[PDB]
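There are 2 protein chains.
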Amino acid sequence: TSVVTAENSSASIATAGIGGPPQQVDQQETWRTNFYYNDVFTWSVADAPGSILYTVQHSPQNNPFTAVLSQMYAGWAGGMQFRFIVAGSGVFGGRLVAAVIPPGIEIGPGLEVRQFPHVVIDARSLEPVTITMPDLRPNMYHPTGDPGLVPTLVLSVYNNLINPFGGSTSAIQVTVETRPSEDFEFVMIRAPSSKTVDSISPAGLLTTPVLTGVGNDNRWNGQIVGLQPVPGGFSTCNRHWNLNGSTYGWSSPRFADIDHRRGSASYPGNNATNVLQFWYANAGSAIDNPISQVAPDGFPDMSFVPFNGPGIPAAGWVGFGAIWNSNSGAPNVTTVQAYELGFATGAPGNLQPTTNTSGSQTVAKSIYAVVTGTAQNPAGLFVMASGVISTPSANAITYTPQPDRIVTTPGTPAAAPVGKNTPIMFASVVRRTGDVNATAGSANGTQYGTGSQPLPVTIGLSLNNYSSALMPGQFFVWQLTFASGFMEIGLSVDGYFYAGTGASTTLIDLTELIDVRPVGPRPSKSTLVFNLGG
Amino acid sequence: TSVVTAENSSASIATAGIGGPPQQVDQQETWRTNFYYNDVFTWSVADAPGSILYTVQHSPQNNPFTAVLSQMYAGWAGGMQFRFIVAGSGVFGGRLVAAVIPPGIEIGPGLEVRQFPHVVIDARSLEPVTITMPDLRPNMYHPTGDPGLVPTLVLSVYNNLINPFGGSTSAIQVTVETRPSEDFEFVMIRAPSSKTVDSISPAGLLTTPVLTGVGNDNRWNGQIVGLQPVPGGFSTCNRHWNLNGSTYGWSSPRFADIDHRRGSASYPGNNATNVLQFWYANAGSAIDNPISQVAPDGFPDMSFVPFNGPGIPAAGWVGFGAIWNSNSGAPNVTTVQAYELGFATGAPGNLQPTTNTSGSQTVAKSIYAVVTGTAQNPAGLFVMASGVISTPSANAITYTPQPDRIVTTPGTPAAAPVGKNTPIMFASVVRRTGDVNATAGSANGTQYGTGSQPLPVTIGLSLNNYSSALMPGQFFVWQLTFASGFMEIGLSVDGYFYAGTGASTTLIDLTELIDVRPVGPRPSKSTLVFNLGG
Numbered sequence: 001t002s003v004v005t006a007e008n009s010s011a012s013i014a015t016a017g018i019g020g021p022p023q024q025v026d027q028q029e030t031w032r033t034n035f036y037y038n039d040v041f042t043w044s045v046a047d048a049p050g051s052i053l054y055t056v057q058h059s060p061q062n063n064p065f066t067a068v069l070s071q072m073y074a075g076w077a078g079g080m081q082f083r084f085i086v087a088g089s090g091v092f093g094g095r096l097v098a099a100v101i102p103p104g105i106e107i108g109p110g111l112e113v114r115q116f117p118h119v120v121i122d123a124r125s126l127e128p129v130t131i132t133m134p135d136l137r138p139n140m141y142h143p144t145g146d147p148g149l150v151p152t153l154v155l156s157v158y159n160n161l162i163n164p165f166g167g168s169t170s171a172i173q174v175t176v177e178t179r180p181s182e183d184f185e186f187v188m189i190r191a192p193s194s195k196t197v198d199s200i201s202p203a204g205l206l207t208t209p210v211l212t213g214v215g216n217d218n219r220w221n222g223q224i225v226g227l228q229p230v231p232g233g234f235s236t237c238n239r240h241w242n243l244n245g246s247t248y249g250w251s252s253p254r255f256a257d258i259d260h261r262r263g264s265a266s267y268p269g270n271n272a273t274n275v276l277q278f279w280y281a282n283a284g285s286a287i288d289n290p291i292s293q294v295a296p297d298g299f300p301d302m303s304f305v306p307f308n309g310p311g312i313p314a315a316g317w318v319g320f321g322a323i324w325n326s327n328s329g330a331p332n333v334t335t336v337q338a339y340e341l342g343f344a345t346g347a348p349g350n351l352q353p354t355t356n357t358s359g360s361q362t363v364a365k366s367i368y369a370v371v372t373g374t375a376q377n378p379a380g381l382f383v384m385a386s387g388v389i390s391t392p393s394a395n396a397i398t399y400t401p402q403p404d405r406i407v408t409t410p411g412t413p414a415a416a417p418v419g420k421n422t423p424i425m426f427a428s429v430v431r432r433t434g435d436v437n438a439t440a441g442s443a444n445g446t447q448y449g450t451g452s453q454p455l456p457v458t459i460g461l462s463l464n465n466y467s468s469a470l471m472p473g474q475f476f477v478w479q480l481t482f483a484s485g486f487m488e489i490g491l492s493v494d495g496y497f498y499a500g501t502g503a504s505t506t507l508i509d510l511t512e513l514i515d516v517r518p519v520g521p522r523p524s525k526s527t528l529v530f531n532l533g534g
Numbered sequence: 001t002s003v004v005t006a007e008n009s010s011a012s013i014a015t016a017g018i019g020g021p022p023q024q025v026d027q028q029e030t031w032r033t034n035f036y037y038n039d040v041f042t043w044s045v046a047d048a049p050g051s052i053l054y055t056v057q058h059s060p061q062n063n064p065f066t067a068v069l070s071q072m073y074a075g076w077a078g079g080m081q082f083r084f085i086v087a088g089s090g091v092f093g094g095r096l097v098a099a100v101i102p103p104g105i106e107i108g109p110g111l112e113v114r115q116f117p118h119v120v121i122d123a124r125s126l127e128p129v130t131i132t133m134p135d136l137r138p139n140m141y142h143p144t145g146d147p148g149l150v151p152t153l154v155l156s157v158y159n160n161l162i163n164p165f166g167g168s169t170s171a172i173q174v175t176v177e178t179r180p181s182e183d184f185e186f187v188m189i190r191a192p193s194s195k196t197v198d199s200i201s202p203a204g205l206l207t208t209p210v211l212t213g214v215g216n217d218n219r220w221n222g223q224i225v226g227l228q229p230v231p232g233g234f235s236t237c238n239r240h241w242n243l244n245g246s247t248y249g250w251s252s253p254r255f256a257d258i259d260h261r262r263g264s265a266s267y268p269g270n271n272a273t274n275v276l277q278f279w280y281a282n283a284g285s286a287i288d289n290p291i292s293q294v295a296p297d298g299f300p301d302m303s304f305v306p307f308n309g310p311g312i313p314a315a316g317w318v319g320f321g322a323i324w325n326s327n328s329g330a331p332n333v334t335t336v337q338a339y340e341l342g343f344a345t346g347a348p349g350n351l352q353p354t355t356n357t358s359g360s361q362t363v364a365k366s367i368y369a370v371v372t373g374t375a376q377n378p379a380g381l382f383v384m385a386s387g388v389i390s391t392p393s394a395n396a397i398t399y400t401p402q403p404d405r406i407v408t409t410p411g412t413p414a415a416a417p418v419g420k421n422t423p424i425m426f427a428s429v430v431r432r433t434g435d436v437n438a439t440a441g442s443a444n445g446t447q448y449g450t451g452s453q454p455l456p457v458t459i460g461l462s463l464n465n466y467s468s469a470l471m472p473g474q475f476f477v478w479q480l481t482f483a484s485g486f487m488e489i490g491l492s493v494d495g496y497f498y499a500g501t502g503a504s505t506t507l508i509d510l511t512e513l514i515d516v517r518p519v520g521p522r523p524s525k526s527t528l529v530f531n532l533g534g
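Chains as they are written, first to last, in my numbering: chain Z, 1 to 534; chain X, 1 to 534.
In structure tokens form, the structure reads like this:
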């Protein structure tokens with residue numbers, strides 16, 4: 001075998017002797033002789049000449065085996081060899097340029113990689129193309145924890161990609177591989193406790209059994225069976241956490257309980273027998289909720305539908321609950337019922353649905369008859385957190401909610417389709433009131449309820465800060481593999497999830513889904529693949 | 001590594017010793033061992049066999065690093081190595097021939113490159129094809145400033161390019177790369193003050209922040225947000241500067257002021273209360289303007305629309321201004337109003353719009369009521385240079401101007417679509433009179449006003465002479481790179497800008513535009529690319 005050493009090799013082990021004798025310097029060790037996978041990027045026909053497709057800074061992490069060895073060593077020095085395995089086709093054309101940009105030069109649109117010392121990679125190349133990144137460093141070694149100035153490896157489009165067919169295929173995958181060079185070394189062994197870049201990548205929170213096993217939504221605690229796209233956009237802010245340590249809304253991530261103490265109660269009719277109890281409060285009276293004052297913790301963020309009489313309302317959010325008096329509260333025995341909660345205006349007269357939370361008032365009307373009706377001014381509610389959907393007859397209404405019924409607070413980031421990508425929404429089979437036995441079989445299509453993001457993701461995002469873990473303008477992409485196809489699923493800086501379905505409103509079933517796999521950050525201009533089983 | 005020396009190598013350093021010892025002659029210097037980018041040309045399927053695609057004369061400039069080193073050296077001698085990296089495809093066919101034509105032979109259509117000593121370059125070649133241009137010179141060295149007779153490198157079509165598909169892709173990009181040969185040298189070090197070809201290429205005047213940042217039009221001082229093509233052609237001559245140091249029109253490039261002293265004034269009606277003041281002068285009475293006598297400096301070159309009564313006219317050019325008496329002028333206090341200016345015939349009776357400036361008369365009619373109306377024969381105007389567009393109601397009329405309303409002087413060069421290319425026109429969002437709050441958001445589409453060329457280009461072209469900087473029959477091409485595509489934009493010998501959209505009238509938005517890049521001269525038969533985001 002032949003392992004290529006760097007140009008600055010003899011002065012690299014010489015000046016890194018301030019760390020003592022070099023460690024893991026044995027050239028017959030396999031982890032130093034073989035190339036191993038590092039990354040995959042995508043080269044589309046929409047890429048301009050001169051545009052940068054791949055960028056990596058010099059670091060052991062670029063190799064899977066020097067990233068393992070760097071957690072026991074407090075320092076490194078030496079180069080790294082990169083290989084480029086274009087998937088390609090013999091009908092595609094266009095070249096790439098790869099050059100090692102020295103420290104002190106910007107990496108941006110104005111950079112002319114073609115006038116650096118470079119290597120050229122064809123779109124139809126069989127053998128992989130190799131370049132060596134030396135360790136052109138001003139520090140004498142890079143301590144793992146603050147490495148210093150490093151060279152950068154930049155792939156740029158030389159000639160733009162052409163496909164002389166037309167549609168269908170428009171992007172080529174290029175696989176980066178990585179081997180240490182002959183003068184790479186480690187110094188100053190440390191305890192494996194912890195160190196290195198002191199941040200967490202957003203990769204391990206979304207694993208395999210989150211979609212084909214356990215895993216729940218943000219609205220009901222239902223098992224995820226589908227992703228359904230929406231074209232045009234939607235907004236959710238209840239249990240939706242963005243990539244920083246913040247949210248815009250109430251409802252801490254737990255389906256426990258809804259409890260409110262102060263608010264008015266009423267019932268219609270002159271007779272206090274077999275009526276519908278109606279409870280109301282304004283927005284901003286929730287003193288007990290430490291996150292947001294606009295609602296009690298666990299209140300559903302849907303718009304109230306105006307219904308009257310004995311008719312069961314279509315769609316909506318009902319939950320089992322009771323009303324309790326204040327002053328060391330013991331609830332009334334003769335009122336426990338299913339209640340539909342929501343947001344209205346003009347209570348208790350002409351009730352209209354509301355879109356914005358400001359200027360709205362929370363309402364709670366019973367759907368079934370109750371033999372007693374109270375009207376005391378201090379009163380509250382106690383409603384379980386998990387809910388069901390009220391329906392007039394069986395059949396199947398629609399997936400609930402629609403994108404227009406979902407209430408938003410002021411200052412909320414909205415999902416927008418960028419390119420051919422479109423946002424998705426996670427579906428779950430939920431029980432209903434028109435048919436309790438809604439097993440997923442025959443007797444009409446079962447009801448689907450859709451939340452924004454998976455809860456495991458909400459729990460694992462709430463604690464950690466990811467302000468630099470994903471570079472804005474891109475999304476982190478996972479690779480779902482079914483039994484007869486595969487798909488790419490993205491995750492932006494706002495917590496939204498993307499798939500490149502385009503203008504389609506068809507539910508995608510995770511029945512035959514097997515495994516997922518991290519890839520990394522990838523820009524929003526690249527279309528996520530849709531090679532499904534169909 | 002191996003660097004190939006020339007055939008006339010031993011007699012090249014020998015006869016260039018009249019300059020003394022050779023400089024930058026060190027073969028281990030990287031700038032002499034690596035190939036670097038020089039140019040890109042395009043090989044279309046419309047190219048005949050024998051037709052010349054690429055031509056370069058022998059010069060250090062052909063290399064990015066000997067062009068840097070030539071500004072400190074007053075002389076050079078030796079060869080240069082060229083490489084040809086065809087982007088290609090495995091489905092394309094056809095060959096090229098590259099030969100070094102000696103001095104004293106013409107470079108034209110009758111030249112048979114295939115019977116010179118040549119190299120053959122396939123359309124589907126993976127490895128680059130190398131040729132060496134020796135320094136076959138009659139002078140003993142080439143002083144930078146007057147080099148003398150040089151050999152020329154000519155690429156010609158051997159077999160014409162075939163695509164056995166049909167449409168879509170019809171052109172291949174070929175990338176020229178360049179390395180100095182072993183006997184290249186510099187002599188007689190000079191001060192870096194300045195020298196070399198003593199002219200400026202038209203490349204640095206159109207840079208990145210001219211389109212996604214600062215940058216204004218020739219009609220209003222509005223920020224450029226779009227390019228819109230027109231099929232059929234248009235003519236503009238007001239602040240439109242061609243590639244020489246000349247123009248055909250008035251209005252020096254500055255939005256300062258419009259001031260005219262002599263000309264007649266009138267108002268209709270027997271009552272001198274709440275009338276529309278109307279001022280007129282003939283074409284050719286502007287003594288104060290040193291460029292052209294046909295107009296005052298800053299007068300808008302649009303055709304007057306005939307309107308009467310209290311109706312606000314559709315389209316047009318209005319500006320805020322007042323009338324002033326002569327003989328050490330102090331203006332009248334009781335007449336300051338918005339005025340619509342323009343060109344008419346048959347004033348003050350039957351007013352008709354005019355196309356040609358000869359035989360026309362400049363008119364200036366108020367659109368709003370004014371409590372005093374003068375009729376003195378010596379009177380003038382003072383109108384601000386920046387203008388707005390008068391509109392009856394809100395909505396959106398059209399982009400203004402249309403190609404037919406624009407007045408031309410006699411002797412004006414007209415834009416014509418050549419091939420599939422078509423001319424473009426730079427758009428800007430301008431304020432209107434029907435809606436002052438024309439922020440680019442909701443409440444109908446905002447009004448777009450279109451000028452001919454960017455002002456930075458007018459300022460940077462006015463001073464310098466470019467009579468040989470662009471070879472006629474071609475255009476200089478820049479490479480715009482968006483977030484999801486790219487485009488080629490040309491610039492001819494007449495100041496017009498071209499894009500290869502074809503027969504389309506759709507506005508192209510520079511919202512996602514990032515960077516531009518110079519390429520060079522490219523002929524008019526080559527279609528500029530349109531790989532946009534759609």
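Every residue gets a Cβ at the ideal spot worked out from N, C-alpha and C, and that includes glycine.
For the alpha helix (DSSP H) containing residue i, name the first residue and the last one.
i: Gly-460 (chain Z); result: 455-462
i: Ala-46 (chain Z); result: From DSSP, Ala-46 (chain Z) is part of no alpha helix (DSSP H); its letter is neither H nor E.
i: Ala-74 (chain Z); result: Here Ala-74 (chain Z) belongs to no alpha helix (DSSP H), and DSSP marks it neither H nor E.
i: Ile-131 (chain Z); result: Counting along the chain, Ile-131 (chain Z) falls outside any alpha helix (DSSP H), though it belongs to the beta strand (DSSP E) covering 129-133.
i: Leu-126 (chain Z); result: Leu-126 (chain Z) -> no alpha helix (DSSP H), and no H or E assigned at all.
Out of the options, point me to the one whose CA is closest to residue i's CA.
i: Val-529 (chain X); options: X:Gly-485, X:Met-302, X:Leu-510 and X:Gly-145; result: X:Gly-485
i: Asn-238 (chain X); options: X:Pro-134, X:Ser-252 and X:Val-56; result: X:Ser-252
i: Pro-313 (chain Z); options: Z:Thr-527, Z:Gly-434, Z:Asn-8 and Z:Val-418; result: Z:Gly-434
i: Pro-348 (chain X); options: X:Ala-281, X:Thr-236, X:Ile-323 and X:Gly-245; result: X:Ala-281
i: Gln-23 (chain X); options: X:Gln-402, X:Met-72 and X:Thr-178; result: X:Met-72
i: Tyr-466 (chain X); options: X:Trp-317, X:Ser-201, X:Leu-480 and X:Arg-254; result: X:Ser-201
i: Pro-306 (chain Z); options: Z:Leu-276, Z:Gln-352 and Z:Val-336; result: Z:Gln-352
Would residue i be called buried (16 or more neighbouring beta carbons within 10 Å of its own) or exposed?
i: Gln-376 (chain Z); result: exposed
i: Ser-266 (chain Z); result: buried
i: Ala-6 (chain X); result: buried
i: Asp-288 (chain Z); result: exposed
i: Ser-2 (chain Z); result: exposed
i: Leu-461 (chain Z); result: buried
i: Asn-34 (chain Z); result: exposed
i: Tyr-496 (chain Z); result: buried
i: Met-133 (chain X); result: buried
Report task. Mind the definition here: the region 82-99 of chain Z touches the region 134-143 of chain Z only if three or more C-beta pairs lie below 8 Å; say whether that holds. Result -> no
Query raised in the report: Just checking, does the region 362-370 of chain X make contact with the region 339-346 of chain X on the three C-beta pairs under 8 Å criterion?
Result: yes
Query raised in the report: Three or more C-beta pairs closer than 8 Å, one from the region 401-415 of chain Z and one from the region 228-244 of chain Z: is that the case here?
Result: yes
**Report entry** Cβ contact (3+ pairs, closer than 8 Å) linking the region 438-454 of chain Z and the region 394-403 of chain Z
**Finding:** yes
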